[PDB]
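Residue numbers start at 1 and run along the sequence shown. Keep in mind that the numbers below use all heavy atoms, side chains included, and drop hydrogens, waters and symmetry copies.
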Amino acid sequence: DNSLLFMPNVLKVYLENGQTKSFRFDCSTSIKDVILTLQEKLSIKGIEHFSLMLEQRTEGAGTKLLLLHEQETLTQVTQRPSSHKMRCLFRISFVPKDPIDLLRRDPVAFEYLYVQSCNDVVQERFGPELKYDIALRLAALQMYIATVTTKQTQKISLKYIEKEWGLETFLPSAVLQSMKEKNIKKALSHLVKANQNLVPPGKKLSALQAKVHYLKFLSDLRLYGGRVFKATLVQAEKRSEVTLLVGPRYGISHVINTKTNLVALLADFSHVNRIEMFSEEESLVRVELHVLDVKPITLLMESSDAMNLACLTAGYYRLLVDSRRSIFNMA
């Protein structure tokens, strides 16, 4: 079996709505090429927000996403380690700081962001920072949004949701394993009704306006458009293990203490002038961050983490700082 290909030289790409798409490649096709073909198929204007990623299945349950560079060749992608048992996903990797800005810009991309976020929320792709409290509240809106776009009833019925979709589809595994089904349904019952109580003075919440609310809750969070990396900081040729957080509100920052959400800026995206990677022992990659008014910062990282750091940093630079200028170029 092979999760990455349909066949020799035909790439399988999963969209966030469950669709699959195929791309014939030869030895010259780049990830950039497939992204442009997907921009055209899907009528996207904000392609700068999007990336192709590999889905790694880790030993314990849960997936790790490996960002792929545009200049990277598809053949070069099938040679990553155990490419055959990973999947290719098209996803928004560089989120706008306020979701509403995407909606006025590319509605297709905004709808794409809402569908991807729902999947992210239910599959616990945010940390435990997503408390069951928020998770149920998010579910009540996802549930609302699924109903108003399928039935005229503006009043939401768990019994419908139970049959048509399955309640479990809107809930994380943790609520499923920890909360009592009766307790979950009571919780949703009070929630949906209370939000229903918030709306009567107002005209009914449109699905689109509900989706805006769904993504605003998500936008105030740590792993929103962001990732956590282990890395080895080399400072005066001696080594220490660091945890980096790269995201839209953190530039490249370092986690000092999770308990107090203590994060330290190492570099705003605007202060990054270049990223360079080299090779070391046993798929260990040395990253050198060239930052304004400081000596370069040196990181020793596992190769796929090294690449997801460059991509995510270059991705947010292209988005938030300058669309033309390059910071990272593989060769």
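- For the pair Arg125 and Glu55, the salt-bridge criterion is met [side-chain N within less than 4.0 Å of a carboxylate O].
- Note: the hydrophobic cluster containing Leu38 does not contain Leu36 (ILVMFWY, side chain heavy atoms under 4.5 Å, direct or indirect links).
- From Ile327, atom CD1 reaches atom CZ of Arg274 across 9.5 Å, with rounding to the nearest 0.5 Å.
- Salt-bridge annotation for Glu241 and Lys230: absent, with no side-chain N of the basic residue lying under 4.0 Å from a carboxylate O of the acidic one.
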Legend entry - From CA spacing to verdict: side chain to side chain contact (heavy atoms under 4.5 Å, CB included), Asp220, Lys216: CA-CA 7 Å; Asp220 304 315; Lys216 183 256 173 184; 3.9 Å; yes
Legend entry - Derivation and outcome, salt bridge (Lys or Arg N to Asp or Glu O under 4.0 Å), residues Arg105 and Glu48: CA-CA 12 Å; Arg105 179 178 157 79; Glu48 68 253 17; 3.0 Å; yes
Inset, instruction - Dump the intermediate steps for side-chain hydrogen bond (donor to acceptor under 3.5 Å, both in side chains) on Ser30 and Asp33, then the final yes or no. - result: CA-CA 5 Å; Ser30 76; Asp33 291 321; 3.0 Å; yes
Inset, instruction - Please assess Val287 against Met277 for the test side chain to side chain contact (heavy atoms under 4.5 Å, CB included), listing each intermediate value before the final yes or no. - result: CA-CA 5 Å; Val287 179; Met277 322 198 292; 4.2 Å; yes
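- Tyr224 and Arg249 share no side-chain donor-acceptor pair at under 3.5 Å.
- The distance from atom OG1 of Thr63 to atom CE of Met86, rounded to the nearest 0.5 Å, is 12.0 Å.
- Surrounding NE2 of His213 are at most 12 heavy atoms belonging to other residues, nucleotides or ligands under 6.0 Å away.
- Looking at every heavy atom in both residues, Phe328 comes nearest to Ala314 through CB-CB, 4.5 Å.
- Taking the six-membered ring where the residue is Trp, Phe50 and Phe90 present parallel rings, their angle staying beneath 30° rather than reaching 60°.
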Inset, instruction - Test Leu221 against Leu218 for side chain to side chain contact (heavy atoms under 4.5 Å, CB included), laying out the working first. - result: CA-CA 6 Å; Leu221 299 180; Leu218 277 189; 3.8 Å; yes
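- Within a 6.0 Å sphere centred on NZ of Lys32, heavy atoms belonging to other residues, nucleotides or ligands number 12 at most.
- Ring-centre distance between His49 and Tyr112: not below the 6.0 Å cut-off.
- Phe6 and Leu15 fall into different hydrophobic clusters, defined by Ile, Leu, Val, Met, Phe, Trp and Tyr side-chain heavy atoms under 4.5 Å apart, directly or through other members.
- Atom CD of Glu288 sits in a crowded spot, with more than 12 heavy atoms from other residues, nucleotides or ligands closer than 6.0 Å.
- Cluster annotation: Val294 and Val246 are assigned to the same hydrophobic cluster (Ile/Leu/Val/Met/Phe/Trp/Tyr, side-chain heavy-atom contacts under 4.5 Å, transitive).
- When only modelled atom types and interatomic distance are considered, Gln56 and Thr58 share no side-chain donor-acceptor pair under 3.5 Å.
- If you take CG on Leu113 and CD on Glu16, they are separated by 10.0 Å, rounding to the nearest 0.5 Å.
- Going from atom CG of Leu103 over to atom CZ of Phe110 covers 5.0 Å, rounded to the nearest 0.5 Å.
- Of the N and O atoms on the side chains of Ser28 and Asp26, at least one donor lies less than 3.5 Å from an acceptor on the other residue.
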Inset, instruction - Walk me through it: do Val285 and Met307 pass the test side chain to side chain contact (heavy atoms under 4.5 Å, CB included)? - result: CA-CA 9 Å; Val285 175; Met307 185 72 61; over 6 Å; no
